[PDB]
Amino acid sequence: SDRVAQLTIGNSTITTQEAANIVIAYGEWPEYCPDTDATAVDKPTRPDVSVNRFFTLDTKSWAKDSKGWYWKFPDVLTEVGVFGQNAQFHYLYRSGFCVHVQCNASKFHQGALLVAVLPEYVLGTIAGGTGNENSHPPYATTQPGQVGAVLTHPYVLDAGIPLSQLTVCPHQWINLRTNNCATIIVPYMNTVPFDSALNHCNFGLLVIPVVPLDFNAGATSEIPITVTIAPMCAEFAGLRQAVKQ
Amino acid sequence: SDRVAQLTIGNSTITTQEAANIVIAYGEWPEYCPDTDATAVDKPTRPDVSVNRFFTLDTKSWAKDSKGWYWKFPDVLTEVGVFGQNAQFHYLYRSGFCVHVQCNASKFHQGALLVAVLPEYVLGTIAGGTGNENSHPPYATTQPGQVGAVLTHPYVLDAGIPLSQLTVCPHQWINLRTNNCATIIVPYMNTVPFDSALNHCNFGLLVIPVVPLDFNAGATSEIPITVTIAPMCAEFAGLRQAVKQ
Amino acid sequence: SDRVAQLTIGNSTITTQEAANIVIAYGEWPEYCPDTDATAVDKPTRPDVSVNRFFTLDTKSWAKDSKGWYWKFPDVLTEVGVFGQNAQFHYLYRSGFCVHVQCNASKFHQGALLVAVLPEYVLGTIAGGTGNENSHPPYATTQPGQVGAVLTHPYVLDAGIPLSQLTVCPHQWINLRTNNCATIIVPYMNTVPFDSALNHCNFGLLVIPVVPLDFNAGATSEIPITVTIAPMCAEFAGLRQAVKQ
Amino acid sequence: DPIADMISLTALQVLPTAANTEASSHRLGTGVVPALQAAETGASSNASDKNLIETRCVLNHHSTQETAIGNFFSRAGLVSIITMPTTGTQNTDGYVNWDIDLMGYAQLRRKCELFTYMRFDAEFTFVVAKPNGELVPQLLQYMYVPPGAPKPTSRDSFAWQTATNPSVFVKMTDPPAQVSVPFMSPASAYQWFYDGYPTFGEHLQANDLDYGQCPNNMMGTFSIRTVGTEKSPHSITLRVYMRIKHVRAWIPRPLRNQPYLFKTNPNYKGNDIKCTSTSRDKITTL
Amino acid sequence: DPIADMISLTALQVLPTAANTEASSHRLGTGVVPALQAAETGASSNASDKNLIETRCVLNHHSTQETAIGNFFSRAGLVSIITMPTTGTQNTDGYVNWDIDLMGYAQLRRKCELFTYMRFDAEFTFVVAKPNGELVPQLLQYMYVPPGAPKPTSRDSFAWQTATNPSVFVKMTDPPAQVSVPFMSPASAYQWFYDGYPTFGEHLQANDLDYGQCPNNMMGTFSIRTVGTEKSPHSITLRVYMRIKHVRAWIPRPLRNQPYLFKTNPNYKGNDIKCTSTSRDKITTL
Amino acid sequence: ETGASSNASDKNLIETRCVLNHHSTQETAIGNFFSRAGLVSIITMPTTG
Amino acid sequence: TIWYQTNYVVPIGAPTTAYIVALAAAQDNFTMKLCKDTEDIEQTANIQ
Amino acid sequence: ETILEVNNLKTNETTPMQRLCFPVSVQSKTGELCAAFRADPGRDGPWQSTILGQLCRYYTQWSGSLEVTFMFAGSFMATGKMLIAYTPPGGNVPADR
Ligand SMILES: CCO/N=C/c1ccc(OCC[C@@H](C)CCN2CCN(c3ccncc3)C2=O)cc1
Ligand SMILES: CCO/N=C/c1ccc(OCC[C@@H](C)CCN2CCN(c3ccncc3)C2=O)cc1
Ligand SMILES: [Cl-]
Ligand SMILES: [Cl-]
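Residues numbered from 1 in each chain as written, not as in the entry; some residues may be left out. Chains lettered and ligands numbered in written order. Part of a larger assembly, values for the part shown. Heavy atoms only, no water.

- The deposited coordinates, according to the entry record, derive from X-ray crystallography at 2.75 Å resolution.

- Looking up chain G in the PDB entry gives the name VP3, with the organism given as Coxsackievirus a16.

- The name given to chain D in the PDB entry is VP1, with the source organism recorded as Coxsackievirus a16.

## Things to note about the overall build of chain D
Thinking step 1. In terms of helices and strands, chain D carries three helices and nine strands.
Thinking step 2. Helices (α) and strands (β) of chain D occur, in sequence order from the N terminus, as α-α-β-β-α-β-β-β-β-β-β-β.
Thinking step 3. Relative to the 2.2 N^0.38 estimate, which gives 19 Å for 286 residues, the radius of gyration of chain D is 27 Å and therefore markedly larger than a compact globule would have.
Thinking step 4. Taken along the three principal axes of its C-alpha coordinates, chain D extends 90 × 70 × 45 Å.
Thinking step 5. Of all 286 residues assigned to chain D, the portion counted as buried reaches 36%.
Thinking step 6. As presented, chain D carries roughly 17600 Å² of accessible surface, and 55% of it is formed by carbon and sulfur atoms.
Thinking step 7. The positive charge centre, built from 25 side chains, and the negative charge centre, built from 23, are 8 Å apart in chain D. (Helix = DSSP H or I, 4+ residues; strand = E, 2+ residues; numbered from the N terminus. Rg over C-alpha atoms; globule rule 2.2 N^0.38 Å. Buried < 20%, exposed > 50% of the residue type's maximum accessible area, 1.4 Å probe, protein only. Areas by Shrake-Rupley, 256 points an atom, 1.4 Å probe, with all protein chains shown as cover. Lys, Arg positive; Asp, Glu negative; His and termini not counted. Charge placed at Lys NZ, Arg CZ, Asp CG, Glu CD.)

## As for a positive patch on the surface
Thinking step 1. On the surface, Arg3(B), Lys107(B), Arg3(C) and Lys107(C) cluster together into a positively charged patch.
Thinking step 2. Looking at the secondary structure, you find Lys107(C) in the loop between β7 (90–102) and β8 (110–119). (Patch = residues over 30% accessible without salt bridge, like charges linked within 9 Å, V, L, I, M, F, W, Y side chains within 5 Å. Salt bridge = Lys/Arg side-chain N within 4 Å of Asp/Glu carboxyl O.)

## Things to note about the interface of chain F and chain H
Thinking step 1. Every contact between the two is made by nine residues of chain F and, on the other side, eight residues of chain H.
Thinking step 2. Both sides of the chain F and chain H interface together cover about 700 Å² of buried area, and 52% of this is carbon and sulfur.
Thinking step 3. If you look at where chain F meets chain H, you find zero salt bridges.
Thinking step 4. Viewed at the interface, chain H and chain F are joined by five residue pairs in polar contact. (Contact = heavy atoms within 4.5 Å. Buried area = accessible area lost by both parts, 1.4 Å probe. Polar contact = N/O pair within 3.5 Å; in protein donor to acceptor, adjacent residues only side chain to side chain.)

## Re helix α1 (residues 81–89) of chain C
Thinking step 1. By the burial criterion, the buried members of α1(C) are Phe83(C), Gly84(C), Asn86(C), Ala87(C) and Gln88(C).
Thinking step 2. Looking at the buried positions of α1(C), the neighbouring elements they touch are β4 (55–56), β7 and β13 (223–239) of chain C.

## Observations concerning empty space enclosed by the protein
Thinking step 1. Computed from the structure, the largest cavity encloses a volume of approximately 110 Å³.
Thinking step 2. Residues of the lining of the largest cavity, tallied by class, amount to eight nonpolar, one polar and four charged.
Thinking step 3. Estimates place the volume of the second largest cavity at around 90 Å³.
Thinking step 4. Its residues placed into classes, the lining of the second largest cavity shows six nonpolar, no polar and three charged. (1 Å grid on protein atoms, 1.4 Å probe; cavity = no way out; pocket = protein on both sides within 12 Å on 5 of 7 lines; lining within 4 Å. Points joined across faces, edges and corners; volume = space filled by probe spheres on them. Nonpolar A, V, L, I, M, F, W, Y, C, P; charged D, E, K, R; others polar.)

## With respect to the side chain of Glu40(D)
Thinking step 1. Position of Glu40(D) among the secondary structure elements: in the segment before α1 (49–52).
Thinking step 2. There is no salt bridge for the buried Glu40(D), and the closest opposite charge comes from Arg177(B), which lies 6.3 Å off by N-O distance.
Thinking step 3. A polar atom in the side chain of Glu40(D) sits 2.8 Å from the side chain of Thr178(B).
Thinking step 4. Among residues more than four places away in sequence, those in contact with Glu40(D) are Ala20(B), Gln172(B), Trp173(B), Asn175(B), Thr178(B) and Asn179(B).

## Observations regarding the nonpolar core
Across soluble globular proteins, nonpolar side chains show a tendency to be buried alongside one another.
Thinking step 1. Of all hydrophobic cores here, the largest spans 59 residues; its most connected members are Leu166(A) and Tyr142(E).
Thinking step 2. Counting residues per element, this core draws most heavily on strand β3 (residues 115–129) of chain E, at seven residues.
Thinking step 3. Excluding anything up to four places from it in sequence, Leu166(A) contacts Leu114(A), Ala116(A), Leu118(A), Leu157(A), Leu206(A), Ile208(A) and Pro254(E).
Thinking step 4. Counting residues in hydrophobic clusters, the runner-up holds 57 residues, among them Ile82(D), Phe120(D), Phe124(D) and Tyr211(D). (Core = buried A, V, L, I, M, F, W, Y, C linked by side-chain atoms within 4.5 Å.)

## Here we look at the interface of chain G and chain H
Thinking step 1. With 36 residues of chain G at the contact, the number on the chain H side is 59 residues.
Thinking step 2. Summed over both partners, the interface of chain G with chain H buries about 5000 Å², with 59% contributed by carbon and sulfur atoms.
Thinking step 3. The largest contributions to the chain G side of the interface with chain H come from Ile2(G), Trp3(G) and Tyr4(G), which together make up 19% of the buried area.
Thinking step 4. In this structure, the connection of chain G to chain H is made through two salt bridges.
Thinking step 5. For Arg57(H), the salt bridge identified is with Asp40(G), shortest N-O distance 2.6 Å.
Thinking step 6. Where chain G touches chain H, the interface holds 35 residue pairs in polar contact.
Thinking step 7. Of all elements in the fold, only β1 (2–4), β2 (17–26) and β3 (31–35) of chain G reach the threshold of two or more residues within the side of chain G that touches chain H.
Thinking step 8. Tallying contributions element by element places β2(G) first for the side of chain G that touches chain H, with 10 residues.
Thinking step 9. In terms of residue class, the side of chain G that touches chain H is built from 21 nonpolar, 10 polar and five charged.
Thinking step 10. Where β1(G) lies against strand β3 (residues 33–35) of chain H, two bridges are found, and the strand directions are antiparallel. In the strand pairing of β3(H), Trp3(G) is matched with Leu33(H). (Pairing = 2+ DSSP bridges.)

## Observations concerning the pairing of strand β7 (residues 90–102) of chain B
The side chains of a regular strand alternate, first on one face of the sheet and then on the other.
All names here are of chain B.
Thinking step 1. Of all 13 residues making up β7, 12 are buried, and the element is well covered by its neighbours.
Thinking step 2. In the sheet, β7 pairs with strand β11 (residues 181–186) via six bridges, with the strands oriented antiparallel. Its bridge partner lying in β11, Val101 is registered against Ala182.

## Comments concerning the site of ligand 2
All names here are of chain E.
Thinking step 1. Contacts to ligand 2 come from 18 residues, most closely from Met103, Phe124, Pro166, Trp192 and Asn217.
Thinking step 2. Separating an oxygen atom of ligand 2 from a backbone N or O atom of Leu102 is a distance of 3.4 Å.
Thinking step 3. Contributions of two or more residues to the shell around ligand 2 are made by β3, β5 (167–171), β6 (177–181) and β7 (190–191). (Near = heavy atom within 4 Å.)

## Some words on the site of ligand 1
All names here are of chain D.
Thinking step 1. Neighbouring ligand 1 are 18 residues; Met103, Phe124, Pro166, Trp192 and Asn217 lie closest to it.
Thinking step 2. At 3.4 Å from an oxygen atom of ligand 1 is found a main-chain nitrogen or oxygen belonging to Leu102.
Thinking step 3. Within the residue set of the shell around ligand 1, elements represented by two or more residues are β3 (115–129), β5 (167–171), β6 (177–181) and β7 (190–191).

## Some words on the sheet that holds strand β6 (residues 82–84) of chain H
Thinking step 1. The antiparallel open sheet is built from three strands, whose spatial order is β3(H)-β1(G)-β6(H). A single partner strand is all that each edge strand has here, and the edge strands are β3 and β6 of chain H. Here the strands of the sheet are splayed against their neighbours by 30° on average, with no regard to which way each runs. (Axes fitted to C-alpha atoms, helices over the stretch in contact; angles between N-to-C directions.)

## What to know about the packing of helix α1 (residues 81–89) of chain A against helix α1 (residues 81–89) of chain B
Thinking step 1. α1(B) packs onto α1(A) with a crossing angle of 175° between their chain directions and a minimal axis gap of 11 Å. In this view, α1(A) runs roughly antiparallel relative to α1(B), as classed from their interaxial angle. Of α1(B), the residues touching α1(A) (which contributes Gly81(A), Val82(A), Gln85(A), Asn86(A) and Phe89(A)) are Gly81(B), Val82(B), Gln85(B), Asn86(B) and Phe89(B).
Thinking step 2. Looking at side-chain class alone, the contact of α1(A) with α1(B) contains four nonpolar, six polar and no charged residues. (Parallel < 35°, antiparallel > 145°, perpendicular 65-115°, else oblique.)

So this is what it looks like as structure tokens:
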């Protein structure tokens, strides 16, 4: 009654028999932009079921020495399904998201993944090691797309901030002996009512193994981690020709 | 008060100062499919303003010896804007259309174009001339896409039927001394509530010069004919991956 | 009902079958000076019909390379009819004006005249070209009389100000394909209730071809522009002997 | 409410008789001009006899019932001739399979093609005899084989057991067999014209014969045989007649004006394009 | 109706004092287990003193007012040091243009970066003197040059006419100048972190310096000069202090734990990654 | 030609949503445009020259 | 951007080239804020 | 409304009156581009000539819908249809109609 759950939206349904509740980021549900906050005057387009449905991105392999991964929203979907198309044809965009990270093992495996949502996840470089080089992250690192990227220094989240404090953000743990997934519902967060789905990532999703994976030789060693996400209340405005970036 | 008109839909507006009224095909306005006629059970997607707006296709040049042209719906838009994208990602589709054919000259030019909408416009071949060859129209002729095609035997509409009787179909005339456009609003017509936007063209648009263009040497000779169309009440169902044909 | 019009005042009547409405400068009608604003104590003389009637000044010829013309009020009439006489015999004067600029061509000519009223139209010189000479406009240029003057640099209105912004002043356009006249009713504007008709021009009238005149060889080439004006609510005070300047 | 933006001029009439004519007199005035029209609008003229001439009163009792689509179509017409010869090229096996297609004969076809969509029930009559019109004591079996059901392959195929398909057994000497058939399409109406393809995929010239073919019109096979394990010594000709009833039609179109060439398409003889009307010498003489 | 388908669990509370402690006794039973939790849910423990031990009653009057974000931020702190030397490398022209950026000093920066978005008014104080802290009778002009307004290019630039921009004229011997500044962003709040790019287009390594730059945070230029056509013989150091007031903050984040390297980004010294906490030898000894 | 500016508004040319606009018009009041001290004269009084 | 939807057509006797005047302004929902000095005016030299 | 200098060419500077209007004429090809400019009211370019552009340069920020009215000054006998478009941020000048 708290470990079992079903998420149905659009023409997609997700099930799980070993959940650990669901988190509503900052206690707020996604919602279309009201007339008091809106500023752009054109009537928005709200595709509904064609874009607010679950999308499953590539799977990652959890190894005994994995550092962790991260994805950026809405970057991950800017080129997938009808959502991507609306994101490319419109200047303005806004929406919430239902993030469902999946990972199952056996009652003999062990390990804990911290799944968190960090809004405005700005990355930094190691500054050439010495700190005298003012280098910057490449486009491929700031917006890794659907494939996601790997963290090089998880301890400081590749941004000079302690991973030990990441729990101050909406999050769940996927502790193999307890649950096999994490679910976080994220509302739209920005200083503006709508924004470019191409030039700005509202938040990043981080999956980091704080407690390394471990198992005895002989047990299945391919332990994948899959990410399935669903836009919620997706709105679009400022229609024109398609633009990829 | 009947010659002047404005058509505003989506983020587009059409104006004309020399119209000849507007025709509502068979006296019916386009409308979304009601629950009594529908058969497919999934919730449809109704994009609204991103697909129900005016689209301007390529322009044709009216010459003193032009035979006439034709386009097929929804073929003409299956690869344009957000409409095309929805048509490709969904199995099922339905909608009405607002057709606005434009053509202006001067008070010294003359000629009359018959603009008609023929539902289920099935083309035929000349059967090898002698009539002993059971040949068939190529895909490029049955579904010419956005560019439209040229009629080889306008008198029989390339289908063994008299052009003299085409007025039995929703139509308008663009007689240069009178008006400079034609407008026809077409409702969805089919034996099924929804259908494939790729495998079936609900109707064809025919623009045929019944009275040849004529003017004295010295007057502008480039007399173009432009076609602007707008889907109305576009609905889509049966979502999946994109398919071009 | 908006293109046809009749202006009858005094023993004169103006007609037009191709107008484009009438403009009431700053939304105010001319009116005699009320007792609260007046300062001079003598009873004014208000000649009425002998001075508030239409006066037709000389005609100008619109050429394909004309720069534009301007007139100053009340200078243009200080020496015409009974109005001029009252202006010369009295120290003080005030009135409004009905300006009617006329210009007709044919449905084959083209060109657009901007007709505007610029209050306190102070002219400037080119400063000897280099800008080191503090030269000033001659009396013949500041107060050209009934004949009016020609602009040497219409783009800056011979006063270092952009013609592109002249529409911020009461104005009408005489676009040959649309109308054949312009009408502007101007109220009295000054920092004083009455003033010298000789030493101060309350405003200037500018007629400038923003879109050059054009027509095919063979069409009438003499396209005149006539200016007809009528004082309104003309008042005079401070009677004495006649003074021309 | 947080988001504000989220919130037929034709009727049937019963006209049993032609319109009457009201008496009218002369009209001499300005502003009003019934004779002048603007065909560009796409509308037919609304001018009537009384607008253009002085008319008398005529109480018109002329019926409009015979032009009701029902009486136009509900007349049995030939739609197929199935022969079954004893010796020769064709089936000398004593059985024939015919794919149901009513587009093989012009008269009935041209009438149907006046409309785009049609929905109806039908009465089928089967007139059978020998090629010379004589009749002999022969027992026949007619079987309806719906799409997906096994077609008989011989005169003794198991399919003739007809445990589920509907069959009709009748003698050539009996009167013509006759049965009623319902509207069987999977769609809401049959369509004589289908501007599209039956399936997805590339449409190379090799498969252009797909164009215009709509499965919603393919009703299956009509199988017939002589009832017996031995061959019959008699040649048989079966003429099939169809009578439309309980009909509804949609979207009128131009009537065929070129001879028909094929059942499945509107192809016409390109070198010999007939003119819809006969010709004359000058435009000023009859 | 023809188409049927077309039809916050957190509230603020006023807590002026710390929670009291209720007296509790021993609990010996099954089914109920307050000590056991499931951190996986993402929730913090709800266990309280009385659930794990026997407590007495404590009427706690401890105030919670000093930890209100308002009292945490409304303390003036250094955000810029603008020097104007007489001889040397820097501006010996008697004027300086400074692009407003408050990320140049750690103390105040780390406090602001505790949040993602912040909206507020600010009180700016200008402490000016000579490099050695002495004061002389010098007249100065401070001018705010909003984005798009012409920046002064010399000590006598026309821009100093300051007909529209706000300027402050004060003596180095007067007390520190002080003014209030409103919330000026085009957006609804300033943001210390902007995970995106300012413009569209390809983002080649040549322009990677765009990453993280949000114009909504760029408030313009702060120009200063000595009032005079002749050069001043005095070196000047201007220390700018900012005091946040009428503040609102959104989305807390992990606090910076690596030294700052640059104003415009979170880059850290890769070869020397400091541990958030100090270390010891064994985990079993203090 | 009439001399009037266009009266067409967003909703006349496109499909619009509802926007409750609270943007102030106070800073463009001529009073706030002009009431900002600006330089109008520099008077020098030298000792020698 | 301004495109030719059809064409500029004219009979014999009329210019084959004409002009268009563009006028611009703000609508009723337009406002400005944060008063500043303009770039469009400078005092290069002294004003005598 | 004030006049917009859409035809602000380098070859016009010596004859500035020509910047106050742009041409249209008989084309031999279809779908041709007649002119293009940014909509940015406070940016250097055509808007600088308007009272709106000049006035909005006295302010740092602006908000609201703009409006551009085009007046055809050809002869009464001339006719034609133009497609005027506004492309929101993101895409460069549209390649074609
Ligand atoms: C016990 C045996 O008796 N059964 C007789 C029978 C007769 C007719 C039967 O089906 C007749 C179907 C026709 C009423 C309609 C056939 N159609 C529908 C439309 N269509 C067609 C043909 C070519 N192009 C487009 C449409 C057709 O040929 C089935 C059984
Ligand atoms: C008469 C002259 O007095 N004017 C003084 C003054 C002082 C400050 C002024 O603007 C100060 C803006 C700051 C309150 C906020 C600056 N911000 C906003 C967020 N931001 C920033 C910096 C680096 N990365 C992200 C954001 C900033 O640096 C303007 C005028
Ligand atoms: Cl049997
Ligand atoms: Cl100064």
